[PDB]
Amino acid sequence: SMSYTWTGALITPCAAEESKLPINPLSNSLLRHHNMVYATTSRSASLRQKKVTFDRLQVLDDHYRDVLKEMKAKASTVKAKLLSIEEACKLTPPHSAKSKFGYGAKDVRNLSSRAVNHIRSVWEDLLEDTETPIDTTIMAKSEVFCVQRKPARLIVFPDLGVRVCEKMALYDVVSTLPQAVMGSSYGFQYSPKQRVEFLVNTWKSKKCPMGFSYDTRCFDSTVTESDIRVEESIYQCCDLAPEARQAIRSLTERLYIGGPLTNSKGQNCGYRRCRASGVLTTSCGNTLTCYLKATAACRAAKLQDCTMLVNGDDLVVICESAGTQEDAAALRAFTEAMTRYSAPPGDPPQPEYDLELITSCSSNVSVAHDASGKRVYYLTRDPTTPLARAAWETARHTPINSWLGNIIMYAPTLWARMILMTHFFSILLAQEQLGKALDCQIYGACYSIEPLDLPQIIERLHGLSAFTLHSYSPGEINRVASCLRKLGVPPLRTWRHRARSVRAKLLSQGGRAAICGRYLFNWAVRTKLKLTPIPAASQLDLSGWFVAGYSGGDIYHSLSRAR
Ligand SMILES: Nc1cc(Cn2c(C(=O)O)c(-c3ccc[nH]c3=O)c3cc(C(F)(F)F)ccc32)ccn1
């Protein structure tokens with residue numbers, strides 16, 4: 001069937017859309033080639049519509065059926081809980097899109113009578129009605145990139161009342177079931193330090209390793225109605241409350257498999273028969289589907305001792321090499337099986353014989369040295385998109401601060417330490433906003449974090465070595481330096497000067513600011529301060545941080561204030 005059908009009504013914006021990076025003094029201190037930075041808008045939605053619209057031909061075989069039964073046997077160990085309305089309301093982001101039924105996210109979080117009454121009526125309707133397609137809104141996503149232009153991605157999501165109900169029926173399932181089924185292959189259970197440990201240990205565990213990343217073209221569009229019902233067959237192996245079983249059945253038929261698309265103007269836009277990007281099950285569903293297809297494809301290809309690491313549609317496979325020619329042929333056979341399963345590649349996969357050459361989750365393993373000169377593996381990535389987005393976020397107040405998420409996840413990197421920490425600490429200190437909580441996203445969930453808590457967060461996620469790395473690889477240094485020239489970012493010598501300045505100011509303030517000056521900026525001075533474990537680090541409650549993926553799932557993970 002066609003992934004989408006369209007009526008001809010346009011994908012419309014709800015307000016004015018900015019596509020150009022503003023010319024602002026603060027963003028210009030970071031990045032001077034402003035014309036290279038752009039934001040996607042609904043103006044390019046028709047280009048995206050053409051790309052995502054195609055017929056799927058799916059052919060399943062015994063390898064696929066065998067893997068599925070093995071996955072279901074593991075899912076059969078899970079007992080999932082129904083969340084109460086209050087628990088589901090507390091998981092709603094404060095700025096989540098308001099309902100069309102007269103209430104918004106603040107009303108949901110406050111358990112207002114109107115929000116609660118409407119959520120209760122939506123829940124009862126899921127229990128009673130197994131068939132009526134649930135309406136969804138389609139919007140073009142506003143995302144920032146550097147030139148060389150991408151068309152806007154499309155987001156499809158149901159009303160606020162439905163999203164609260166999805167959490168009630170499925171939040172516990174999507175949070176616990178993926179690790180139960182996929183074990184060590186489930187990527188979202190790892191902090192960045194654990195992910196690098198898993199990759200390095202997996203690579204080193206092979207007698208002669210070969211690895212490859214597999215990029216599916218327009219993954220959500222390749223997901224079939226059969227794939228979504230197969231995904232439901234896995235959820236149904238859980239021990240579930242009867243209302244949760246019915247809600248999952250109803251949500252699968254009325255929402256997950258497909259449904260009508262409405263634009264921001266309320267006009268009927270078309271019909272979807274593939275994965276919706278904005279539902280609670282998107283991450284879990286994509287991860288399970290990708291794992292199932294790849295596991296089965298590995299068997300069809302006769303790839304030996306395969307270890308997968310999956311996060312949504314992002315897949316990396318590490319296996320036992322059979323020689324370059326045999327691997328080359330087995331990888332073509334893997335791609336052929338993935339294509340039969342309706343997961344064709346975007347770029348054909350390439351066999352890799354060096355772990356640092358593999359790019360997975362846009363990131364690669366690199367090596368630096370700690371204070372003792374000991375090799376430390378860590379994950380890095382090309383800093384182009386992070387810097388372009390940090391420039392945008394400096395010029396415009398944005399709901400999600402990718403710069404903050406990037407400092408947290410890429411804390412050991414040369415570019416996060418020298419540029420992002422320096423730039424934002426300098427601005428926030430000048431604004432007396434170091435203690436102001438900002439929103440960022442980790443594995444798709446929203447967190448409210450104060451920049452002053454960064455040292456202890458970084459220590460937990462990466463270890464104290466995140467504050468001592470030096471002797472970065474020439475390849476990593478060249479990539480950063482070349483990115484700075486391309487974007488017109490001041491050179492690393494300028495960042496060192498600026499860091500010494502903000503470090504001095506931070507130390508002069510004492511308290512949490514001085515801890516930031518000591519730990520975050522020790523790289524900027526020859527006279528190193530002694531770095532010991534931060535007491536606050538062991539006290540941090542990072543439960544929920546690296547458990548599961550929630551992209552598009554409308555999840556907020558910071559504490560709810562009492563009432
Ligand atoms: N492109 C992708 C990424 C993922 C998963 N993912 C995300 C994500 O946005 O979900 C981040 C991630 C990066 C920055 C801020 N917040 C985050 O969550 C991240 C960072 C690392 C690491 F390299 F830093 F370890 C590894 C995997 C990561 C899944 C599918 N496609």
Side-chain angles (χ1 to χ4, degrees), residues 141 143-145 150 153 174 178 182 185-200 213-216 218-220 275 277 282-291 294 308-316 346 355-356 358-366 376-390 393 398-417 420 424 438-449 454 457-458 460-463 466 469 476 542 544-553 555-557:
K141 201 172 184 160
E143 293 180 301
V144 164
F145 304 96
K150 294 174 197 285
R153 274 194 258 252
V174 305
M182 296 171 285
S185 291
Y186 184 56
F188 297 111
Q189 70 191 286
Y190 302 123
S191 66
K193 184 180 180 181
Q194 293 168 332
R195 177 183 179 91
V196 77
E197 172 182 33
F198 180 73
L199 286 164
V200 172
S213 54
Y214 185 86
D215 162 42
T216 304
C218 295
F219 193 96
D220 290 352
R275 173 84 66 211
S277 65
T282 301
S283 185
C284 178
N286 281 349
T287 307
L288 287 171
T289 301
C290 186
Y291 177 91
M308 318 244 189
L309 181 57
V310 194
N311 293 68
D313 66 347
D314 199 289
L315 176 62
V316 59
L355 177 65
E356 300 192 49
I358 298 158
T359 294
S360 66
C361 289
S362 316
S363 314
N364 64 285
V365 169
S366 190
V376 172
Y377 296 92
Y378 70 100
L379 284 163
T380 184
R381 65 160 286 148
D382 185 289
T384 305
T385 303
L387 296 170
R389 289 178 186 179
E393 292 159 3
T398 64
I400 302 301
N401 291 284
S402 72
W403 68 258
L404 186 49
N406 280 322
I407 287 172
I408 289 162
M409 303 293 282
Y410 293 105
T413 70
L414 176 72
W415 53 272
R417 296 172 74 195
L420 299 182
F424 288 98
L438 296 171
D439 293 335
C440 60
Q441 48 191 12
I442 304 293
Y443 292 173
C446 184
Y447 294 86
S448 181
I449 294 174
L454 286 167
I457 290 164
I458 291 164
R460 283 284 296 280
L461 271 54
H462 299 279
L469 299 191
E476 179 63 7
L542 303 183
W545 279 53
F546 306 114
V547 176
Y550 301 99
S551 284
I555 300 300
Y556 180 72
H557 260 186

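Every heavy atom of this structure was used, including side-chain atoms; hydrogens, water molecules and symmetry mates were not. In listed order, ligands and their atoms are each counted from 1. Starting from 1, each residue takes its place in the sequence as its number.
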Requested in this report: State which residue, out of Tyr550, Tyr443, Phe546, fulfils the ring pair (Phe, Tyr, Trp, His ring centres under 6.0 Å) condition with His557.
Outcome: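 It is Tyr550; the other options fail the test.
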Just which atoms of ligand 1 are under 4.0 Å from any heavy atom in [X]?
X	result
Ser363	23 (F)
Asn406	14 (C)
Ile442	18 (O)
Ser362	1 (N)

Report task. Using the six-membered ring wherever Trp is involved, compare the ring planes of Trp403 and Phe424 and label them parallel, tilted or perpendicular (cut-offs 30° and 60°). Result ->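 Answer is parallel, since the angle falls under 30°.
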Requested in this report: Determine the minimum heavy-atom distance between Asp313 and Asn286, stating which atoms define it.
Outcome: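 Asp313 and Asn286 have their closest heavy atoms at N-CB, 4.3 Å.
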Query raised in the report: Are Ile457 and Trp545 close enough, and set up right, to give a side chain to side chain contact (heavy atoms under 4.5 Å, CB included), and what steps lead you there?
Result: CA-CA 11 Å; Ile457 290 164; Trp545 279 53; 3.9 Å; yes
Part of [X] with heavy atoms under 4.0 Å of ligand 1, whether side chain, backbone, both or neither:
X	result
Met409	both
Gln441	backbone
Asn311	both

How far is [atom] from the closest protein heavy atom, and which atom is that?
atom	result
atom 18 (O) of ligand 1	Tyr443 N, 2.7 Å
atom 26 (C) of ligand 1	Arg195 CD, 3.7 Å
atom 21 (C) of ligand 1	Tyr410 OH, 3.9 Å

Query raised in the report: Does the side chain of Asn364 come under 3.5 Å of the side chain of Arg381 through a donor N or O and an acceptor N or O?
Result: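 No pair is found: no donor N or O on one side chain lies under 3.5 Å from an acceptor on the other.
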Requested in this report: Ignoring hydrogens and angles, state whether a donor on the side chain of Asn311 or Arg195 is under 3.5 Å from an acceptor on the partner side chain.
Outcome: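 Yes, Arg195 and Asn311 have a side-chain donor paired with an acceptor closer than 3.5 Å.
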Query raised in the report: Honestly, is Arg417 close enough over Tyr410, meaning NZ or CZ under 6.0 Å from the six-membered ring centre and within 45° of the axis?
Result: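 Judged by the rule (NZ or CZ under 6.0 Å from the ring centre, within 45° of its axis), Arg417 is not positioned above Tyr410.
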Query raised in the report: Can you find an N or O of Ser551 that's nearer than 3.5 Å to an N or O of ligand 1?
Result: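 In fact, backbone or side chain, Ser551 has no N or O that close.
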Query - Shortest reach to atom 2 (C) of ligand 1 by a heavy atom, considering only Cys361, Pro386, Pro192, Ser283 - result: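 The option holding the nearest heavy atom is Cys361.
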Query raised in the report: Got a donor-acceptor contact below 3.5 angstrom from the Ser191 side chain to the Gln194 backbone?
Result: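 Checking the backbone N and O of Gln194 against the side chain of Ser191, a donor-acceptor pair under 3.5 Å is found.
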